[PDB]
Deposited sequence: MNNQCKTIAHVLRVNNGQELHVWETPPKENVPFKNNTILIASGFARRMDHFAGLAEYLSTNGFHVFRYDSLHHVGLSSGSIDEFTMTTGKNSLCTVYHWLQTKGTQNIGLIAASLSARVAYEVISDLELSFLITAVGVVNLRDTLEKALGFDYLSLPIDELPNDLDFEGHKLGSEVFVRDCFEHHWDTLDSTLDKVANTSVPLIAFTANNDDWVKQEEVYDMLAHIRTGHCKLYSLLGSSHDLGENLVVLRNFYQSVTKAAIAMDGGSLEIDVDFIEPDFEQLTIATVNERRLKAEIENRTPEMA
């Protein structure tokens, strides 16, 4: 299989998380930052297997990770998965790390950017206002209901969510408002490029600009993905416009720049097909792997 490695990280409470590692290609120029990709809610995106391809063909050592589980999700479990993989890279010796995150995973990333030592953060259609996005996505503001009148589960695809556990954590760990985001983002030093989709009914672009406007370093940029809505896997043109945008941003930011009109090597359909089928091989591999304690 192209040498992508399956890792099982076993966090001390009986929780497990899977990490998919893809090494850089043999003779491309050196890339200083290791890339972390939050690939938990990315079922419909084949867990970003093709983005890891686009990045290793361009020189990056990639780690993709999913969510902690106990053999349902709250935003705090997403935050703990990212902090677990991150401390494991640090102890394997990795020092320079960039992070890419999209949609709901981007809210989890904005939450720790004033606490984590990251070389950069890139987000795509990232949610800044959880309550408003979940309203737009589900057709109703379920967070306005008494907790005990909640439907048993909600379907926010990427996955499905147990309503009470998840809504209780929103309020208790204050994930819910645009202000909780702006408070977090405010004192960061991490460079950030934010891609918004053009026809995105779920993430208000003005709210993204407002969040960028609170980053007191003024060291950020917003760019837009053409003719896309929130669904980045809508068709193959919207998908590769995401892949190429995020790869030029990873290359620019790896070199301290925020201007993304940069050159890159693009995988062809055959390489991308091999990466898709090679994911099924990895899923079977991870069936029997030694957990690594964390």
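Missing C-alpha runs, given along the deposited sequence, first residue counted as 1: Missing from the model are residues 1 to 3, 75 to 82.
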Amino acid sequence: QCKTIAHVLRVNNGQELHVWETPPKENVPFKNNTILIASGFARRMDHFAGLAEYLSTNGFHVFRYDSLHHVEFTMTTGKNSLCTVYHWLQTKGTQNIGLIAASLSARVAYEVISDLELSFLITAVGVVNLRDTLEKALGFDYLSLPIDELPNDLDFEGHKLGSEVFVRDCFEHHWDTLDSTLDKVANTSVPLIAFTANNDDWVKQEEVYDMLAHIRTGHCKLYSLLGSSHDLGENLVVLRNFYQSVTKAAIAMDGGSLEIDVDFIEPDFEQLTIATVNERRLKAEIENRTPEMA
From here on, numbers count along this sequence of modelled residues.
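Quick check: 198 to 206 versus 123 to 131, which has the larger average CA B-factor in the record? According to the PDB entry, the answer is 198 to 206.
Of 238 to 246 and 257 to 265, which one has the bigger average CA B-factor? Higher of the two, by average CA B-factor, is 257 to 265.
Per the entry, which of 61, 230, 64, 43 tops the list for Cα B factor? Of the options given, 43 has the highest CA B-factor in the PDB entry.
Quick one: which of 141, 117, 111, 148 shows the highest Cα temperature factor in the PDB entry? Top of the list by C-alpha B-factor: 117.
Sort the modelled residues of this chain by their C-alpha B factor and say whether residue 161 lands in the lowest, middle or highest third. Highest third - that is where residue 161 ends up once the chain's C-alpha B-factors are sorted.
Could you look up the Cα B-factor of residue 101 in the entry and say which third of the chain it sits in: lowest, middle or highest? Answer is lowest: the recorded C-alpha B-factor places it there.
Hey, what third does residue 72 fall into on Cα B-factor, ranked over its chain? Within its chain, residue 72 is a highest-third residue by C-alpha B-factor, going by the deposited values.
Compare the C-alpha B factor of residue 272 with those of the other modelled residues in its chain, then answer lowest, middle or highest third. As the PDB entry reports it, the C-alpha B-factor of residue 272 lands in the lowest third of its chain.
Place residue 251 in the lowest, middle or highest third of its chain's C-alpha B-factors, as listed in the PDB entry. Ranked within chain, residue 251 CA B lands in the lowest tercile.
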